[PDB]
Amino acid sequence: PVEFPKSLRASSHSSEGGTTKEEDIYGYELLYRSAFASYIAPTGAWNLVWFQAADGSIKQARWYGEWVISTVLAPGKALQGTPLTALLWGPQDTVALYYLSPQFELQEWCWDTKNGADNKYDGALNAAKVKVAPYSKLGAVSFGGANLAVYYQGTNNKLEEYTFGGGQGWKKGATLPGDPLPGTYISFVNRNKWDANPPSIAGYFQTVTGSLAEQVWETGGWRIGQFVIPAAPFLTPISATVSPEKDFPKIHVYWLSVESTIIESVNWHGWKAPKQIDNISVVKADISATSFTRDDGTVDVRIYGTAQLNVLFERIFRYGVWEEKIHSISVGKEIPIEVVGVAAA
């Protein structure tokens, strides 16, 4: 069997007090510690998840009644272990998938999805040849009205912005304030794309002291936000998603504890205390959260990432509760492996 810390739970069928003896799955055609990007329809009618297969290609899991796997980028397009971030924008409902080339340059893959047309093409960002820090993660937002911004880590480890729109094409944007941890995970969100207010953007990252910090863009520029987590695990995964709950924006920020359990912090008329959504240890690797508002004004959440041993999990927050059954989405060949909980010497 494989050994696992007996005080940790490896899956939803682990014993209440920790792992004793169980069976878990190794999906070995999923890149170990793959990056993930995700987008659920505003109605919740379909899901999109992107990940990296073991052979380096970028693949897509699409849910519409059931999950269907396809390949969007052939091997050689993306860095082995590339970060991934995605958005949907524009007149033709264009999916934009951002990744890194093997030469650590920003890349963009586009897919218009309006009226069932499958037009897929490289975005203009590729031509800008933006070199980033080799360990840079990626975030991205649209501000509506053909404006985009990609967020990344520059070679001096500052968070950097690249903007698109206003008839300009892609241009270097601001250098964001703060002191980001080299290789920090990042996640940027549009705080209120639903209302008719001025745009408000927020980003979340880890600083050189290990704390979690927040970028806020309002009324003309970036400044350090009020969200502060004094201590977090080294290079913890970070993912944020926003949807309106009861007609007010609800920010969800997710990262991992020292047990590699997912911690949630919610902002809805103020920040709530961080709380663990479940006590199951995931693989310490990229997670991706997405959300939508139901007709009754409550916000569903989906979180994707890597669960033991190496499977793509889906965590479901639906009607105010995290559901106890955690699905896995098969992306290739799998083997089951016996797992035993083992204590310290």
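All residue numbers refer to positions in the sequence shown, first residue = 1.
With respect to the recorded C-alpha B factors, which stretch has the higher mean value, 140 to 148 or 79 to 87?
Taking the mean B-factor of the alpha carbons in each, 140 to 148 is higher.
Which has the higher mean CA temperature factor in the PDB entry, 321 to 329 or 17 to 25?
According to the entry, 321 to 329 carries the higher average C-alpha B-factor.
Using only the C-alpha B-factors in the record, can you name which of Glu264, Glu108, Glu161, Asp247 has the highest?
That would be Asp247, according to the entry.
Going by the CA temperature factor in the entry, name the top one among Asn47, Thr290, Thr43, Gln308.
By C-alpha B-factor in the record, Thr43 ranks first.
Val2: which third of its chain by C-alpha temperature factor?
According to the entry, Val2 has a C-alpha B-factor in the chain's lowest third.
Among modelled residues of the same chain, the CA temperature factor third for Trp194:
Ranked within chain, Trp194 CA B lands in the highest tercile.
For the chain shown, is the CA B-factor of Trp222 in the lowest, middle or highest third of its modelled residues?
Tercile = lowest for this residue's CA B-factor.
Please place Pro230 in the lowest, middle or highest third of its chain by C-alpha B factor as given in the entry.
Ranked within chain, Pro230 CA B lands in the middle tercile.
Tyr121 - Cα temperature factor, lowest/middle/highest third of chain:
Answer is highest: the recorded C-alpha B-factor places it there.
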